[PDB]
Amino acid sequence: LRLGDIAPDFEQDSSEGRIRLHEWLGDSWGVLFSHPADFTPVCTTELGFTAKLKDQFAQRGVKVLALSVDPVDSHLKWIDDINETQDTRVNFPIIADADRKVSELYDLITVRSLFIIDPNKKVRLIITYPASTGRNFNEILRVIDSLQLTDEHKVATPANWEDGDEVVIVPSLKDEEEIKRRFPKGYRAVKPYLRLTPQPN
Amino acid sequence: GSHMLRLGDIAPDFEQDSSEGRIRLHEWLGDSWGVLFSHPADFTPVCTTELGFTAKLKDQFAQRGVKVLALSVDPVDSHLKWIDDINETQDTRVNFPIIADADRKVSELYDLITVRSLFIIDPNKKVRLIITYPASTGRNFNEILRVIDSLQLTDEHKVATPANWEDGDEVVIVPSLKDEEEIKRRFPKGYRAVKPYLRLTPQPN
């Protein structure tokens, strides 16, 4: 699976019923989190933050699913532990991938991958962390804010950009009357290739 | 043989020209941690800002014993001109080598042939993290540092960093460690068994 590939559609059982990925997503952004097994400490804490970021995901029109190979009864029992020990409520599906169909489809055969999926079902980011190291969910939101903004405007987000920081005009946009139209907040040519503009609102 | 690198793969050695002389990767790293940053081409705005921030975190990489290399398919002369623009527009001084991969040898070897990859390399030359970001979206240098803090800690002690862990926060005892006598030795500060598989322990010294 490479960036710009279609996120392969699947049908699989889950903690919230049988799920067809593409149909469930509809026109929403997606984040598929994979976890190697239920009742694992790092993963427990990650599914905690994912549940706690319900509203943050909803604001951005992002649907979230987790994936593990353990059965539905295991997932449901694990959700009880997450809800209690992380002081939250898992609101989203954990896919029960017992037959490995979804894991093979996403080339997941210890490390775990997240896949960011756009409304046209394209993989826009693949992040793999080792088992030693839990995710930073601020970074996941900041990348989604980058992708959404750079899909809606001809900008790219610089190093250590946060929502509201100024952005660079994309290098391929070189039409000077087009640049004037598209960026009424104005821009600075710091270099021929480095053009800074306030984030379009 | 050249292929898309996976965690635990050895970061393959090479010899290549750079902005700071002809470099052999494994020899140049020695027993330090390494971060190899790729950049598709010189004079690209996101990449300019990334080499700026990378140069600003000089002290931060050196505190952690981490050596930094950039890599781009462009000659030395082009790299040196670009370093002048980076140093000036980003208010810094690039003090790490930008590899001049003009014959594409290192890019083909790392199978990087628009995205850019960073590889975190441990003392035994193993890839411990790969982050590929698309051209639209600049990296977060705070996260690269936090993951280095996680990997270094989780190599010296038998812990894993939970979600949203920062340096000095509670950690979890790796599941693979289950010998309660060994645990008692290694964690004198003690631990909370929230569940049998979720054992929280203050970050070791």
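Proteins come first, then strands; the chains are lettered A, B, ... in the order of their sequence lines, and each starts at number 1.
Summarising the local packing, CG of B/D111 is surrounded by more than 12 heavy atoms from other residues, nucleotides or ligands at distances under 6.0 Å. Around NZ of A/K63, the count of heavy atoms belonging to other residues, nucleotides or ligands within 6.0 Å exceeds 12. Counting non-hydrogen atoms of other residues, nucleotides and ligands closer than 6.0 Å to CG of A/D80 gives a total above 12. Dense packing is recorded around NZ of B/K189, with more than 12 heavy atoms of other residues, nucleotides or ligands lying under 6.0 Å away. Within 6.0 Å of atom CG in B/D91, 12 or fewer heavy atoms from other residues, nucleotides or ligands are found, so the atom counts as exposed in its surroundings. The environment of B/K105 atom NZ is dense: over 12 non-hydrogen atoms of other residues, nucleotides or ligands sit within 6.0 angstrom. Shown here is A/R18, whose CZ atom has more than 12 heavy atoms of other residues, nucleotides or ligands within 6.0 Å. The environment of A/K54 atom NZ is sparse: at most 12 non-hydrogen atoms of other residues, nucleotides or ligands sit within 6.0 angstrom.
Proximity to chain A (any heavy atom under 4.5 Å) is shown, for B/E50, by both the backbone and the side chain. Contact annotation for A/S146: both backbone and side-chain heavy atoms come within less than 4.5 Å of a heavy atom of chain B. At a 4.5 Å heavy-atom cutoff, the contact between A/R142 and chain B is made by side-chain atoms alone. Only the side chain of B/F53 comes within less than 4.5 Å of a heavy atom in chain A; its backbone stays farther off. Looking at A/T44, the atoms closer than 4.5 Å to chain B (heavy atoms on both sides) all sit in the side chain, from C-beta outward. For A/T40, the part lying under 4.5 angstrom from a heavy atom of chain B is the backbone only. In this structure, the portions of A/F137 lying under 4.5 Å from any heavy atom of chain B include both its backbone and its side chain. In this structure, the portion of B/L129 lying under 4.5 Å from any heavy atom of chain A is its side chain and not its backbone. For B/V174, no part lies under 4.5 angstrom from a heavy atom of chain A. For chain B, the nearby parts of A/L147 are the backbone and the side chain; heavy atoms of each come within less than 4.5 Å.
Interatomic distance, B/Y133 OH to A/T157 OG1, rounded to the nearest 0.5 Å: 9.5 Å. Here the CG atom belonging to B/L198 is positioned 6.5 Å from the CD atom belonging to A/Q86, to the nearest 0.5 angstrom. In this structure, the separation between OG on B/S136 and CG on A/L149 is 9.0 Å, given to the nearest 0.5 Å. Residue A/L3 holds its CG atom at 11.0 Å from OG1 of B/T114, rounded to the nearest 0.5 Å.
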Practice item. Under the side-chain contact (heavy atoms from CB on, under 4.5 Å) rule, what do A/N136 and B/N164 come out as? Steps first, then yes or no, please. Key: CA-CA 5 Å; A/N136 177 342; B/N164 287 17; 3.9 Å; yes
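By the 4.5 Å heavy-atom criterion applied to side chains, A/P171 and B/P45 are counted as neighbours. Side-chain atoms of A/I126 and B/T132, non-hydrogen and from C-beta on, never get closer than 4.5 Å to each other. Under the 4.5 Å side-chain criterion, counting only non-hydrogen atoms from C-beta, A/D81 is in contact with B/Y197.
Ion pairing between B/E88 and A/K191 holds under the 4.0 Å rule for side-chain N and carboxylate O.
Without hydrogens or angle criteria, A/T45 side chain to B/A163 main chain gives a donor-acceptor distance under 3.5 Å.
Looking only at heavy-atom pairs under 4.5 Å with chain A, the residue among B/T89, B/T137, B/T154, B/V159 that has the most is B/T137. Per-residue heavy-atom pair counts under 4.5 Å with chain B were compared for A/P130, A/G4, A/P192, and the maximum is reached by A/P130.
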